[PDB]
Each structure stands twice: as C-alpha cells, then as structure tokens.
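Here is the structure we will look at.
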Ligand SMILES: Nc1ccn([C@@H]2O[C@H](COP(=O)(O)O)[C@@H](O)[C@H]2O)c(=O)n1
Ligand SMILES: Nc1ccn([C@@H]2O[C@H](COP(=O)(O)O)[C@@H](O)[C@H]2O)c(=O)n1
Ligand code: NA
C-alpha cells in the first residue's frame, strides 16, 4: 500500500537524525477545557514554544543541515514577512551559514527585528510581491545563493514531519491530528509521518474562510488559487498551495474544514483564558475547528491532537483581542 | 473494519485500569546480538521479569479483580502445574481472596513450592488429566468456587493484552510482534490490542514442532488437536486451543511458525550468553523463530519485538542446558 510521493518516511527519519540534539520535542499536554467542550480527549501540541515561536525552524534546519559543505559555502537566501524568516535566520546561526532574508517593505516591525536578532542579513525590498520576489531572484543570479522555500521543498517538508513522529511517541493511541494549512508543508510532513506508521490515524486540515488555496484545490481535484481577503491567521494566508504539498495532501489528508475570523478569535481567547497559552491566528486554527462543531463526528470519545503551530503575534494584537467585550 | 469478537479493545482498557499501580510494565531493551543476527532491530519484552516470573499474573489479576464482592466471597479455584498456578495464587494474596489451586501429582517441585509461597491452598490430586480436572469439578460443585481458566476467558485474555499496549507505548514504530502460543490467551490479547490501534503491525505466533494445537487449527481452518510428544517449551504444551482464543487468532494473527527442540535450546543459550537473561523454553520460542530463518522476510530492516513470556525453569535444567557442548 505504497505511494510514489516526492517525500517518504525515510526522509522524515533523516530529518530526525539531523535535528537530534539541536531541535527539541515540544510539550503536548491535555486541555481540560477543549476536552470538556468537545466531549473527547484533546491535546495541545505546543509548537508555539518551539524555538523562534513556530515550527518553521524544523524544516529550515533540516534543509540547511542537509546541504553539502560546497553548498553551505554558497550562502542561502529566503523570502518571508514572518516565521519562515526567523527559522531560516536562526538555522543559519546554529549551522554557521551565511544567510540573507528578503522581507517586504511593510513587513511587521517585530518580525523584522526578530530575524535581525537571529543573525541573518535582512534585506527590506519591495512594496509588491513581484518587486520583493524579484529581489530574491536578483540575489540568486548575482550571488549564487541557494533559495530556501517556505514549504515546497522535500527537505523542508520532511523537517515539519518530525512533529508527527513526536505525536505517536507521546500518544500511541491518538485517533485524529488537526493541522493548519498555508502552503501545505506542515500538514504534508505530518501526514507522511502519521500515515506511513499508522494509517488509521486521521489527519485533518484547517484553513480560514477568507483564504484557502489548498482547501479549494483539495475539493476541486486540481490546483486552484483562492483568496477573498486577508485573515487573522496571517501565517496561513496563502492563495495557492505548493506543487509537492498538494500531491501529498490529496493523497493522504482525510479532510479540510474552514473556520471564520470570529471562530479564530474565539479560539485564541479560549486558549489564553482556559489554557494560559499565547497563540497567533494560524496557531489557533486547529482549536477553532474543534469548537466550530465541524469535527464533531471525529472527536467525540476519541483522542485528538491540535497543532498549536505558532505564537508569533504582536502584543498590540494580544491587547486588542483580550480587550474585546469577551 | 470491526470484528464481532468475544474480546475487544475496551476490555483491554478496563484491564489497564484494574492493573494500574498493582501490576507494572516490564523492560523491553534492544538485543544487539539478535539485531546483528537478524539484520534488523530486535527488542526483548521481559515478561520473565514480571511478578511470579511470567506474564500470567496479568490475566489472573484482571479476572480476579473484575469479580464483584459477592463473587469474591465465593472463593476461586484453578488448575495448573505451572505459571498459571503462581499467577492465580499471587493475585489471590494481592486482592485478599481465598483461593485453591489443584495441581497434578507429578507437578514440578519448584512450582508447587512457589504457589504455596504465594498464599493459596495447594491441592495435589491426580496422576491423570481426568483425575486432576475432576477434582476441580468436585470443588466447584461442593464449594461453589469460581473457576479461573488459564486462557479461555475474556477477562484473562484482556489482561494479557496489556502487553500490546505497553509495546506501542515503548516503541510506536514497531513492525512485528513475535508471540509464543499454548492455549492462545497471550497472543489473542496482544493481537486485539495491537490490531485495534495499528493493524499494520504484524502479530506472528510460534509453537514447538512437537505440539501445536493452535498452528494445526490455524492452517486447517477449524479446531484440531495436535501433539506428537512433549517439549522443552513446557509452558506451551497444549494439544487443543481454546474456543475464544482460536476465533481471535484465525481473525487477527498474521502467521504461526514452528521451531524444533534444538532451536529452542539454541535460543535459550543465546539469551543467556548474549543477553544475560534466564528463559524457560516457552519464553525462548519467539527468539528461536527469529534465529530459525523462517521470519526473515518480516524482520530484516524492521523493528521487531520478541516476547520473553517466562523465566520459570528449574536450575537443574539451566545447569543441563549450559553444560552441553555449547
Ligand atoms: N528579537 C526577538 C527575538 C525573538 N522574539 C520572539 O521570542 C520568542 C522566543 O524566541 P526564542 O525561542 O529564540 O527564545 C519567539 O516568539 C520569537 O519570535 C522576539 O519577539 N524578538
Ligand atoms: N518460593 C518461590 C517463590 C518465587 N519463586 C520464583 O522467583 C521468581 C520471582 O518471584 P517474585 O516476582 O514473586 O519475586 C519467579 O520466577 C518465581 O517463580 C521461586 O522460585 N520460589
Ligand atoms: Na511512547
């Protein structure tokens, strides 16, 4: 019962070797509140407490560590306004690699500062996706640096999948894993890890109502773009999924639900008040799906893990969300 | 993909509750020697280091603990020349239950003494299977005591299955579990635990060439007796499998191989010299199958757990086996 996929269980196992004693397993405690609400056992995987505040250090470290020395000498380049920038920057520091990160003008101040702190050279260029991405292109041509994709890359995908191995390690009798989706690298990685070892474990995706390239592609049967507008779950603001990640998702993901901006906010408020954890919109998507009622036939009297993918949210936004008549 | 079986995953979960803080998980370390020989990862589950020296305390404790107080007041009775006697006796002590164990005249001295030590009343009766079993019958009629089957009982089976849950707990990515068979309670319990959670995990049985009721039944497609003669694996000297255990095995067990007396001896010698553990014939069956070469297409480049079911062997027999030109 195999699959001819661009990533495989062996790739994840290599990633585990490369990350050992460098990147560490995150806590995954039971949530009493979500368990009570959902009438089933609910566990929170704290990738918000992973280094840099999201899981993205995993994929970036794997891809950078897997490079040959000749390749590491070339230097690397990446492009992000967010968590990928931080992961690539920190990974560069840990491995002693020279790295540039192209961030768009208009990228959030906190995230520019953080990726600076992590040691990589930050290049603020472009008020436009084409202008920003064209700088990365210009950098590849003239400098020969190696591009590090945020999700559409076999090594990046395989690094995110280490999360799936940790889940079955901490909870052998898990039934469902609920995973947020932007480009699809996170869920692709996890699906491969989970389905390769125990295919009876359900892997279910979650995206914002406002923007869900992958959901649209998943339900249409081919890659389509979808974006009606922006979202609180800014980490998963992706109109078009990656090629490798779509192939894997169509093959291995059980379902993908959609949640509204209000449900995401409610999920963040609930995580703060009832579980004492800070979450960005993307990090709360899975928990929003659990409260939506849409996963009810999967989660009642079962054990379900919700992925808290990230906690990189400006304090001003924390202030606003907690300050609402709520 | 369900099964209409006399035991189910919930029964094992109840057994886990009943055993918690009473019966404890056994170590399951890697064997370097067996891994080298088999060209795959091999792990030894040390049920020889379970209380009483075999796993049988698990099934007996579960069945006895599950009784109502009215039922516990009736007293219990069992029949064995070996490890079942010890498990029932110790379980009685732990639960404060009054128990009789009918052992055949001719039962090994060490095993009579041990079940005495464990507090139950020992009744030595019968030079004959019919004479011995008829005493248990006489005891049931006249005293109203509750009989405790060695394997053909849903609560007994479910207690042995706790071993399967421990395996996936200690090794989530296990591929094969190799289990000795007498009456079939051990393997039945494990199969249900393993297959209910992860059916991609292979469960494979092992019996002596000299006597293999279950193997014969498994390959014939109905219950048949088989016994050509006695065996070193005295714990698995059973001509006819139980009814409940056969139904489960036919349904859930991947294969059953047979090993010779020489292979069993070789396996015991190997466990002593290379892994420093004491094993009875039954406890070494699974390891004998691993060295036989018969499981080669399952174990190379995989992770396999061998069940060391028991260590209750007379020192005189240890002296003889280690004293051979070997
Ligand atoms: N200069 C920095 C560096 C890190 N951080 C944030 O602090 C959190 C913890 O970072 P470390 O894991 O690197 O300690 C992360 O969410 C990260 O984004 C920050 O807000 N400003
Ligand atoms: N009187 C006794 C009591 C126990 N034993 C054995 O000692 C080993 C350890 O027993 P305990 O787990 O009860 O300490 C077991 O194999 C058991 O059969 C014995 O040989 N003689
Ligand atoms: Na575990």
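Throughout, chain A uses Swiss-Prot numbering, with the displayed residues spanning 3-328 in order.
A Cβ is built for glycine as well, from the same backbone N, Cα and C atoms used for every other residue.
Annotated features in Swiss-Prot:
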{"type": "BINDING", "residues": "A:53, A:54, A:88, A:119, A:120, A:314", "note": "AMP binding site"}
{"type": "MOD_RES", "residues": "A:58", "note": "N6-(pyridoxal phosphate)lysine"}
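Distribution of Swiss-Prot features across the structure.
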residue : record                         : DSSP (3 states)
A:53    : AMP binding site               : helix
A:58    : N6-(pyridoxal phosphate)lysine : coil
A:88    : AMP binding site               : helix
A:119   : AMP binding site               : helix
A:314   : AMP binding site               : coil
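Every protein chain shown contributes to the tally, and the Cβ of residue A:53 (AMP binding site) ends up with 20 other Cβ atoms within 10 Å.
The local packing around residue A:119 (AMP binding site), expressed as other Cβ atoms within 10 Å of its Cβ over all shown chains, amounts to 12. Non-local neighbourhood of residue A:88 (AMP binding site): A:54, A:55, A:56, A:58, A:59, A:113, A:116, A:117, A:120, A:314, each in the same chain, at least six residues away, with C-beta under 8 Å from its C-beta. All protein chains considered, the CB of residue A:54 (AMP binding site) has 24 other CB atoms within 10 Å. Listed recorded positions: A:53, A:54, A:58, A:88, A:120, A:314. Those with a CB atom under 6 Å from ligand 3: none. Within 8 Å of the centroid of the Cβ atoms of A:53, A:54, A:88, A:119, A:120, A:314, where the record puts AMP, the same chain has further Cβ atoms from A:55, A:59, A:85, A:89, A:91, A:92, A:116, A:117. Proximity to ligand 1 at the level of Cβ atoms, with a cut-off under 6 angstroms, picks out A:119 from the recorded positions A:58, A:119, A:120. Within 10 Å of the Cβ of residue A:120 (AMP binding site) there are 23 other Cβ atoms, across all protein chains.
Site extent for AMP: the farthest pair of Cα atoms among A:53, A:54, A:88, A:119, A:120, A:314 sits 15 Å apart.
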